[PDB]
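Note sheet for the following structure.
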Amino acid sequence: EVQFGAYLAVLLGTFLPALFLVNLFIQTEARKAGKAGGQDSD
Amino acid sequence: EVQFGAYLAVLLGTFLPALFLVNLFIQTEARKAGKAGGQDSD
Amino acid sequence: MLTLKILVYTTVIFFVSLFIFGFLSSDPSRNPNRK
Amino acid sequence: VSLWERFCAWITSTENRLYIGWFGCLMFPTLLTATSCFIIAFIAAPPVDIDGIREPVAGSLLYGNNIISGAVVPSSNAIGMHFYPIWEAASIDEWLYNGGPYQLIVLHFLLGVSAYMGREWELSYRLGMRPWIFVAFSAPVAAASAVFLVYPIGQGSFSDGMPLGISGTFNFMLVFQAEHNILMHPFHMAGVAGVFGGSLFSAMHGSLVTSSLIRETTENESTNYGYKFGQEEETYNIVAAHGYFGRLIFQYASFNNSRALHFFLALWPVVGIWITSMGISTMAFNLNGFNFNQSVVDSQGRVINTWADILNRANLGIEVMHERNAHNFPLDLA
Amino acid sequence: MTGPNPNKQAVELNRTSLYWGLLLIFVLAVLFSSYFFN
Amino acid sequence: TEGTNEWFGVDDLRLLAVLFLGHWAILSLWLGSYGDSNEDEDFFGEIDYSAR
Amino acid sequence: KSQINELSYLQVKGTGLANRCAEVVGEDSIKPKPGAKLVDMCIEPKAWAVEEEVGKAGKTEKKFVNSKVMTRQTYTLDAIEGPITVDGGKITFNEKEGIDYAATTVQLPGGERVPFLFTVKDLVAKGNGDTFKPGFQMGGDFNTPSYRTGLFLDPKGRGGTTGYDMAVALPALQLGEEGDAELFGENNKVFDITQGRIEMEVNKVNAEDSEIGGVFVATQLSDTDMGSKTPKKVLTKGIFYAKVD
Amino acid sequence: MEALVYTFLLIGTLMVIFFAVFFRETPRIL
Amino acid sequence: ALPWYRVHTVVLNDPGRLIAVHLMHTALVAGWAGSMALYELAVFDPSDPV
Ligand code: CLA
Ligand code: CLA
Ligand code: CLA
Ligand code: CLA
Ligand code: CLA
Ligand SMILES: CC(C)=CCC/C(C)=C/CC/C(C)=C/CC/C(C)=C/CC/C(C)=C/CC/C(C)=C/CC/C(C)=C/CC/C(C)=C/CC/C(C)=C/CC1=CC(=O)C(C)=C(C)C1=O
Ligand SMILES: CCCCCCCCCCCCCCCC(=O)OC[C@H](CO[C@@H]1O[C@H](CS(=O)(=O)O)[C@@H](O)[C@H](O)[C@H]1O)OC(=O)CCCCCCCCCCCCCCC
Ligand SMILES: CCCCCCCCCCCCCCCC(=O)OC[C@H](COP(=O)(O)OC[C@@H](O)CO)OC(=O)CCCCCCCCCCCCCCC
Ligand code: OEX
Ligand SMILES: [Fe+2]
């Protein structure tokens, strides 16, 4: 018998902070593509 | 008695698609701040 | 229960009197046409 | 200069974020009290004797419900039509047992919606608009006052009023079918035609504008960015969409006038819901829909069944089962 | 409102520091899962 | 006592002094501007733009 | 009283007066005749108490906590008739007809709602002496019927004398040799009769008006919903009033 | 334990209604 | 150009937004203590305090 609140602990302990760190990378590459002025800035 | 896989259905059915739509907005504002060239482009 | 009841008739006829004396306050003249 | 003139200048200012107005003086206190009591009564509220037989029906989330089954239960059959505020209840526990918050929510709702309607008038006066958006909003105000106010009046109790919920809505619709036969009544027929027609002419008008848009964008960006806000140029070829629908059915069935076109979109649903909400009203006083049961007979005189007789046996199933303990006498007079 | 803040800055995260922070979360998820499930 | 036939639901004497001091407390505000004006000044309009 | 009889119907309604028993004035003695028959005995309780496990300083002995009634003004009994038979040692009373039940529901600390049928059905009163006196004190047993008559349908649609007898939306429970015997108790609806003991006490009599009235105390057992739960002992107190004729 | 999820969905829905009304992208001419 | 561990240092030279931030930590602390105590009353059982 395992604790059924541990699935919510682990799978949100993975996904919520890991999806956070993806966002800081995507907006980093968007600012670099934003300044660069070619074909992707818009 | 409820199904304990429904917590994983709902709380990932909320968070995973809703954190997706946040990312498309943050990189949208980063491209607009990327082209604008002032104090935030870098 | 007669202490709450006093509090409601204050709050009702406060806002009802703002409604009644709102339209008596020359309310047709408040238009974007003139004045 | 005076304190009242500096208060009338603020309360009727269109420069506020949300226009308050003089109807907002009794819209906002009413609807915030209908709201703040609804959220508490939907989440945490003890069970309610609705049938007056001291069998309390659970309706809130803390007592084992969900979004679908949870509902603010109507007031008791024991109260009926009597006004039952908090101060005429001798405790809040006696208030919540007998269906207290159904009357507090509904009466502050119908005042706040009839003040939200007059508020739509007021801002149209102060902005220079022609005034009648609030006449189009009369159609859901007619229908909200029909199931929460008029139907409890003619049936003589708020317990026959509509339960503030989702499963409580379908308890309301089915019991209303068995006791009043709404589907055969021609005013539910005139508003099914109002919303089937309303969703037709919505998606029929919204397609012919989107079909005939003018090239202002590239294929990479969005279609919607060819409209700059506040522009004075027309954003679609209206002659194009007139020639399309002028060939899709025939020529003379097409509105070339866009004003008469945009009026017919406001006529058809709103007239369909005025008529429908006076179907619930005339069936609140037990003037039911049509009844064609045992209408077709042979020459011998035996009853030949029709589709209304099959529909009757569905009504007899709900009639003999609604409020299965509340009845003691052979005819549901209430 | 008032004027625009002159303290607006930008946030950066290069591709290197993404993989650190991803691997940091998954290894902490591997380590602490067995105790949480108990 | 709910179904008593009493005016405006005024059960006790104390609730009157609530009603009178509600209408009058805003009436006195209203008379600070629209009161003490000329009650003898007319117009042949549909709507008057006289003063504040 | 006769003061209540002065009023008309429109003056009583909505005022909560018809719920309240009369107030008898003065004290003397009255003798029950051979054919004496009690006429207008009304009983109204003014306080309720349910036996619970109380949280004292360190101990958990059973005590009565009081409770607030939630059914509004529907608790009073009325119009209870019956002949007053004269045994030699002690005057007795046996009730025959009248409204002798009044269903009501009280709420405990914690939010628990305890309904109970308050009744005096089949009452055998016995009191010291013969004549009614301000020191007179009669009481006896009454039979409580069940709170629901057997054709009551529960939310699934199961009753004692009607309805289904199995979990109607759980059709896979009656599979196997055992069937649904795990939930057997919630299918079998048993009509229950318990006992109750009331103790009345006359203290104020009119003999020129032949009407008595005093304080009682009644204990009984609450309901169980036909064996759904353990019923709880309910004590109550109040005042009564009777016309001895 | 079950109703805690339903409450979080309801007040979480009322948050994004609040941000959509007051923090809306204000449309501007020119 | 701030790293992720220096994002909240834009409030160093801004006293007006130093308060709005310190009010938001307060609105989360106070909202915790309210919603924790609502959670505890759904779980508490005053049957036997002994
Ligand atoms: C201002 C808006 C507003 C309005 C219109 C109402 C209206 C109502 N509330 Mg509500 N309420 C409000 C705000 C409001 N509330 C607020 C802000 C709160 C929070 C404190 C509450 C809290 C609250 C509670 C807790 C309860 C109510 C209740 C009620 C109902 C009865 C209250 C009552 O006795 O009214 C008093 C009304 C009058 C004395 C009548 C005033 C009408 C005037 C006199 C105009 C009439 C003109 C006259 C006819 C002219 C005659 C001329 C002559 C020559 C003939 C009623 C539907 C009760 C309820 O619904 O229970 C079911 C209840 O229990 N309210
Ligand atoms: C159903 C609500 C409703 C709405 C939205 C309107 C809307 C309007 N009315 Mg109107 N009116 C109504 C009902 C309504 N009316 C009723 C029922 C009466 C008869 C008593 C009147 C009598 C009336 C006159 C005499 C005048 C208006 C005017 C107006 C316009 C400006 C608002 C104003 O000053 O009126 C003030 C608002 C009212 C008089 C009604 C208030 C309705 C409240 C908000 C809700 C309903 C409560 C109920 C009727 C009151 C019961 C009180 C009782 C329980 C104590 C506007 C188009 C004016 C106008 O522009 O005419 C050209 C005007 O001079 N109305
Ligand atoms: C194909 C099937 C079909 C269709 C299309 C309809 C169509 C309709 N039926 Mg019907 N019906 C059917 C089958 C059908 N019926 C059957 C089979 C039965 C028998 C079970 C019934 C029994 C039945 C009943 C018993 C009733 C209907 C009603 C209606 C009407 C509903 C419109 C309405 O209430 O909106 C009007 C809008 C409102 C009531 C909402 C008002 C909302 C207010 C204005 C504001 C609320 C704001 C909200 C709280 C917050 C906003 C958001 C916030 C975040 C700001 C419509 C004409 C109703 C009717 O006749 O009209 C009253 C009705 O009572 N039907
Ligand atoms: C098979 C397709 C079909 C068709 C043709 C209809 C047709 C109709 N339904 Mg129906 N219905 C259907 C499927 C259909 N339904 C389904 C699948 C359901 C759900 C299970 C329902 C549920 C339903 C309900 C509950 C009700 C109807 C009603 C109606 C009537 C009016 C609806 C209306 O005006 O809509 C709006 C659409 C329009 C106004 C567009 C015009 C439609 C008309 C009929 C066409 C006009 C062409 C004309 C006859 C030809 C001459 C012109 C020529 C000179 C060019 C109409 C007889 C209502 C009724 O009973 O009315 C008597 C009603 O109460 N229907
Ligand atoms: C009173 C508390 C307090 C306050 C107001 C600050 C304030 C600050 N610190 Mg500091 N700090 C504190 C305590 C505090 N610190 C403690 C206790 C430590 C030891 C761990 C540090 C170690 C530290 C370092 C090493 C650095 C700072 C930095 C900073 C500055 C920017 C913060 C930043 O960018 O983080 C942004 C943080 C994030 C975007 C996410 C962090 C995610 C954390 C790790 C997990 C999630 C937090 C969790 C939900 C919190 C639960 C509540 C718990 C505290 C009870 C700012 C002036 C930086 C600095 O010097 O500025 C130049 C810096 O480099 N701090
Ligand atoms: C020779 C032999 C072998 C012998 C056999 C004989 C023989 C040949 C027989 C065959 C004949 C035969 C049957 C042929 C007949 C053909 C025929 C008609 C068959 C179809 C059958 C049939 C039932 C048809 C009737 C149904 C029909 C099409 C009804 C039309 C409904 C109708 C009139 C709707 C109008 C609604 C309306 C007003 C819409 C406008 C409102 C709206 C919002 C539109 C949007 C809109 C409109 C605009 O206007 C513009 C501008 C814009 C912007 C815009 O948004
Ligand atoms: C056996 C009995 C026989 C029947 C007996 C009659 C009984 C009473 C009939 C009532 C007739 C009322 C006439 C109203 C005319 C009018 O509305 O003009 C309004 C405009 C005027 O036309 C516009 O008019 C303009 C010219 S002018 O204004 O008319 O001069 C023109 O510029 C524009 O292009 C043109 O569109 O018309 C339109 O915009 C189109 C809408 C027409 C609405 C009439 C249909 C009836 C309502 C629909 C059915 C109810 C809806 C709900 C159903 C569930
Ligand atoms: C309630 C809300 C919950 C909030 C949670 C959200 C925040 C959660 C995530 C934040 C922390 C992210 C850490 C990012 C990590 C990060 O981006 O690193 C980069 C960061 C600093 O890098 P720089 O200064 O080079 O950054 C340049 C910038 O452009 C980008 O940061 O390094 C650190 O801060 C210290 C190093 C930690 C790096 C991890 C080292 C340990 C390695 C992993 C060990 C595991 C393997 C073990 C094997 C045995
Ligand atoms: O409350 Mn609701 O439902 Ca109108 O019918 Mn009579 O009452 Mn009762 O029964 Mn059927
Ligand atoms: Fe349009």
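Miscellaneous remarks
- Check on G:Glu44, within 30 Å of G:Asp130 (Cα to Cα) and not hydrophobic (A, V, I, L, M, F, W, C): yes
- Tabulated pairs, region I:2-24, first within 11 Å of another protein chain (Cβ to nearest Cβ) and of a type in the set (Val, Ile, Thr), second assigned to a loop (DSSP other than H, G, I, E, B) and away from ligand 1 (no atom under 16 Å from the Cβ), C-beta under 6 angstrom, 6+ apart or interchain: I:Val10/E:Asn7; I:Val10/E:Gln9
- Criterion violated by B:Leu19 - all others in (1) part of a helix (DSSP H, G or I); (2) closer than 18 Å to A:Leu8 by Cα; (3) more than 8 Å from chain A (Cβ to nearest Cβ) satisfied: (3)
- Summed over region I:9-22, residues that are surrounded by 10 or more Cβ atoms within 10 Å (Cβ to Cβ) and in a helix (DSSP H, G or I) total 9.
- When residues in region G:103-134 are screened for being more than 14 Å from chain D (Cβ to nearest Cβ), of a type in the set (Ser, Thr, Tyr) and part of a strand (DSSP E or B), 1 of them pass.
- Out of F:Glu2, F:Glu6, sole residue that is closer than 30 Å to C:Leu2 by Cα, within 14 Å of chain G (Cβ to nearest Cβ) and surrounded by 15 or more Cβ atoms within 10 Å (Cβ to Cβ): F:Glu2
- For region F:18-38, the count of residues that are within 16 Å of D:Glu88 (Cα to Cα) and not in a helix (DSSP H, G or I) is zero.
- Residue under evaluation D:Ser299, criteria (1) more than 28 Å from H:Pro27 (Cβ to Cβ); (2) surrounded by 12 or more Cβ atoms within 10 Å (Cβ to Cβ); (3) of a type in the set (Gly, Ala, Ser), criterion not met: (2)
- When residues of region D:274-322 are limited to those that are touching a strand residue (DSSP E or B) at 6+ places or on another chain (Cβ under 9 Å) and free of Cβ contacts under 8 Å to residues at least 12 places away in the same chain, the one farthest from ligand 1 (Cβ to nearest atom): D:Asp298
- Selection status of D:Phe134, assigned to a helix (DSSP H, G or I), of a type outside the set (D, E, K, R) and either within 14 Å of chain C (Cβ to nearest Cβ) or in contact with an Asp or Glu (Cβ under 8 Å, 6 or more places away or on another chain) (or both): yes
- Sole residue being in a helix (DSSP H, G or I), touching a residue at least 24 places away in the same chain (Cβ under 8 Å) and within 16 Å of ligand 6 (Cβ to nearest atom), chosen from D:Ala143, D:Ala203, D:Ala139, D:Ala193: D:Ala193
- Flag if D:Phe176 is under 30 Å from D:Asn312 (Cβ atoms), away from every other protein chain (no Cβ under 14 Å), aromatic (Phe, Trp, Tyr) and within 16 Å of ligand 2 (Cβ to nearest atom): no
- Checking G:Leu151, G:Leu77 one by one, the residue that is facing another protein chain (nearest Cβ under 10 Å) and either free of Cβ contacts under 8 Å to residues at least 60 places away in the same chain or loosely packed, with under 15 Cβ neighbours inside 10 Å (or both) is G:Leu151 and no other.
- When region D:63-79 is limited to residues that are facing another protein chain (nearest Cβ under 8 Å) and among the hydrophobic types (A, V, I, L, M, F, W, C), the one that is farthest from the chain's Cα centre (by Cα) turns out to be D:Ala78.
- Residue match in region D:251-273 (condition: closer than 30 Å to G:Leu151 by Cβ and touching a residue at least 24 places away in the same chain (Cβ under 8 Å)): no
- Test for D:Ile43: is it surrounded by fewer than 16 Cβ atoms within 10 Å (Cβ to Cβ) and within 28 Å of the chain's Cα centre (by Cα): no
- For region A:22-42, filtered to residues that are under 14 Å from B:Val22 (Cβ atoms) and aliphatic (A, V, I, L, M), the residue that is farthest from the other protein chains (Cβ to nearest Cβ) is A:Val22.
- Any hit, region D:229-243, residues being of a type in the set (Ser, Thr, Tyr), surrounded by 15 or more Cβ atoms within 10 Å (Cβ to Cβ), over 28 Å from D:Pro140 (Cα atoms) and free of Cβ contacts under 8 Å to residues at least 40 places away in the same chain: yes
- Residue match in region B:1-9 (condition: out of contact with any strand residue (DSSP E or B) (no Cβ under 9 Å at 6 or more places or on another chain), within 8 Å of chain A (Cβ to nearest Cβ), in a loop (DSSP other than H, G, I, E, B) and of a type in the set (A, V, I, L, M, F, W, C)): yes
- Of all positions in region D:6-13, at least one carries a residue that is outside any loop (DSSP other than H, G, I, E, B) and in contact with a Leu (Cβ under 9 Å, 6 or more places away or on another chain).
- All of (1) closer than 25 Å to G:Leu123 by Cβ; (2) surrounded by 13 or more Cβ atoms within 10 Å (Cβ to Cβ) hold for G:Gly55 with one exception: (1).
- Residues (among the aliphatic types (A, V, I, L, M), farther than 13 Å from D:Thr282 by Cβ and in a helix (DSSP H, G or I)) located in region D:173-190: D:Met173, D:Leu174, D:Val175, D:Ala178, D:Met189
This table checks each residue for (1) over 23 Å from D:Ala326 (Cβ atoms); (2) of a type in the set (A, V, I, L, M, F, W, C); (3) away from every other protein chain (no Cβ under 11 Å).
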position: D:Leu61; (1), (2), (3): yes, yes, no
position: D:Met81; (1), (2), (3): no, yes, no
position: D:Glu88; (1), (2), (3): yes, no, no
position: D:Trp95; (1), (2), (3): no, yes, no
position: D:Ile105; (1), (2), (3): yes, yes, yes
position: D:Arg130; (1), (2), (3): yes, no, yes
position: D:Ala142; (1), (2), (3): yes, yes, yes
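- Out of D:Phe187, D:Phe255, sole residue that is closer than 30 Å to D:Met321 by Cβ and of a type in the set (A, V, I, L, M, F, W, C): D:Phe187
Because the Cβ atoms are built from the backbone with ideal geometry, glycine has one as well, and the counts that use them run over all protein chains shown. Throughout, read-outs are computed from the coordinates displayed, never taken from laboratory work.
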